[PDB]
Structure formats: C-alpha cells, structure tokens
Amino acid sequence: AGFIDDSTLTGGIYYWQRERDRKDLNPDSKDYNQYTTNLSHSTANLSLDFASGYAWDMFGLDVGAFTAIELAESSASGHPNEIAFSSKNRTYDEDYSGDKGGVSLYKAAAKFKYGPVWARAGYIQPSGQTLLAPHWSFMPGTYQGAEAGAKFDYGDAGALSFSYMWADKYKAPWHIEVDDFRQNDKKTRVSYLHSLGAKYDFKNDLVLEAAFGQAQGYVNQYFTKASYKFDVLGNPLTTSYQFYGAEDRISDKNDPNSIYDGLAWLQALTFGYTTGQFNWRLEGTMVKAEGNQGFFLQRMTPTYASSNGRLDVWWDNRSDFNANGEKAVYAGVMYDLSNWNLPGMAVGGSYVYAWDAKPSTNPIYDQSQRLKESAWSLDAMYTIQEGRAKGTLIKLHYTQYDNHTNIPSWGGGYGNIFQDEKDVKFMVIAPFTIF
C-alpha cells in the first residue's frame, strides 16, 4: 500500500517485419496490372512503463516512453509504415516523405481514485466508456487531456459505469509530437474533442454500452452496443449488435469540409462460438455514408492520424469495408493445437465477402458504380510456454485482398478503397517486468 510500495515497472520488446505488394491499375503506367512493392520494412520497438501505486490511496502517476529502431527498408517502401516514426513530427505536417527512429513520451498521467470515482489527466489513453480511442500499432497513440468517471453499483441488479473525456491535442504512435485538431481542409481549427459514454453490466452476460461525442463545432459521433452470451447445445455462443453514427455541422455540401450528408452509420452483428478446439466467428456489416467522403469513419476528425474512435469490428483483412452502401460478411476460425500436443499454438483463417459498395455522392463520380471486394487471410500464432521467453507471442499473418474492379486505388469516388493486395506480417512481442 502506497506510492512506491505498489509501483510497477514493465516494458516490452517488439519486432515487426512486413512485405505488402499492391496492383497498379493506372492504364498508362509501366507496371500495369502487376503487383508492385508498397511496404517492405523491418522495425523494432522498445517500451518502458512506470506506474506508481496511490498515495493516501488517492493520488498516483504513470509515465511511459518507447523507442523505434529501423532495421531494414526498401527504396519502394511507402511512408509512413506506422511502426517506425514519420519523418514529420505532427499530424498536419505529414508529407508521406519518409520514416525514422527515435523516442516518444506516450504516457504521462496523474491518476486519481477515491470511492467509486476515478480520473486521469496529462498524456493519456481513453480507458472508460467513451467513443474516443487511440491508434494502436505496437504502442498506442496519446491524447493531451483528462478523463473522469464513476460507477453506480446496484449489487446483483447490475452496475452502471459512465465516463467523460476531453482532449485538445493528439499524437499517433508514429508521431513524436502532439498536434491540434482540424477539419477536412486541414486548416480550420477544432478546439477540442470530448465524449460521454456509459456501460450497464447486468452480471448475467448481458452488457449494454452507449456513448456520444463531439468535435468542437464540426462533427457529432454516436455509438451503441448490446452483447449477450448464452448457450446453444451447451457451449458459449457470444453475440453482439453494434451501431456507429456520425454527422457533420456544415450546411454547404460543396464546402471542402462537408463530409457527410445526413446521418452516416455503420451497423454490425457478430456471432462467436467455441466447440472443442475450434473458435468460430461470423460477423457482418452494413454502411450508409452519403456525402463527399463516401465512407464511414469511426474517428471524429477525418484527417489521417488526427485522432481515433472506438470500433469493436476488426477483421484484419486489410480493407476496412466501410464504403457507402457496402454490405460485408465475415467468417473466420482459429484452431487450437493443444490436442496436437502443441500448447500455446493456434492456426486459423478468414474470409470476407463485400458487395453493393457505392462511391461518394459528390456528382463528379459515376453514381451508377457498384463495387464488390473480397479477401482471405491465414494466421499462425504461438505463445511461448517455456521459462526464459515465457509469454512471448509470435504471430504470422498473411492476407490476399481482391478488388473486383479496374478502378485505380483511391479513385472512382471510392476514396478509401485500394486495388488488389498481398500482405504478410511477422510479429514478435516479448514483455518484461523489472519490478
């Protein structure tokens, strides 16, 4: 009990190797219809995290920094690769010019706790029930701001948790320095992001979550979720409905800052089931995103890396499958190899089928277009059981993504869709505790 007596000092070694090739569909290019190198780099990260206890069981603080080391990169590797640091230090300075190593302070937070109340402030990550979230590479992004919340415990009738967060700057993992928020024009200032959100846990495997947020004078964001786990033939079958919504506050549709027409939303239905050694997943999404952007974003600032928002649907099949009008169905399976006498090992695969994808409603693009995209992935995983490298995770991920058009990447009004892609990712994560 105390500031120093409960201190933790953990860290992690991270290694990341990647090769990603993409088809060039520009007709008068020299690589026409061939795969070209897009990302190719070896990168390592090192993190160190101090987390004090609580003095008077009320006040404490956390500090944390990480380094990034570039081990190898090709001339044709695009930038930024999001593991190393971008050569430009802030969000809205990004040139897509290069990468580099260095060191970043990603955690510097005073934390408070008394009775049913808690709070954090400084350089933080969202930790409560809001729809704000950080970008995650190996390390998370960081907001400059504060978060506070409390819990209403009703005993066995459940427990309501609510939380509010506010921030005026943000920094993605691949940036060393925080920057302000701005609109789609990357000029008009956004004073703050803030969000209120809550969760009710019935303590019978039914959970209701909801949150709304705001980018000052610009965007309004919404989130709801309902998840329930019950038995079918005596096995845990997990379920969840999800809703994500967004609006803008720009009257003029032709303004470069207007990104949505009316309410843009992403709705999702998930199913999970575990029979013996097989973990099955079956999930599907539907999107509506009328307006100039043409695709739904969970983050409230539309510029790349400016901020991030909560989104519980991740299929790790490269494409975000979030185009206006797009439907997508996902099916995966991981197979535990413990009954082959390989504990800690797992192999699995994924398949995504998407259809009915329409472009931005900006009239300069053909509104008659209908795009279909699919993908499949293979995953191998291993968590070391032996002593020395106990807990070190090894993951190999391969994905083959198919765009069923000849539209060049980012064109035709599909501002967030790219052409066919091969991707292989090799990860190693080794955590360690000093004290």
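The first residue of the shown sequence is 1; numbering continues from there.
Averaged over their C-alpha atoms, the temperature factors of 405-413 and 377-385 are higher for 377-385. Between 70-78 and 301-309, the higher mean Cα B-factor belongs to 70-78. Between the residues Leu371, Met58, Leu396, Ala44, the entry's highest C-alpha temperature factor is the one at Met58. Comparing C-alpha B-factors across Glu147, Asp93, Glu283, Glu326 in the deposited entry, the largest value falls on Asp93. Per the deposited record, the Cα B-factor of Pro116 falls in the middle third when ranked against the other modelled residues of its chain. When all modelled residues of the chain are sorted by CA temperature factor, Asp420 is found within the lowest third.
When all modelled residues of the chain are sorted by CA temperature factor, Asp320 is found within the middle third.
Ranked against the other modelled residues of its chain, the C-alpha B-factor of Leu263 as given in the entry falls in the middle third. Ranked by Cα temperature factor within the chain, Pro256 sits in the highest third according to the deposited record.
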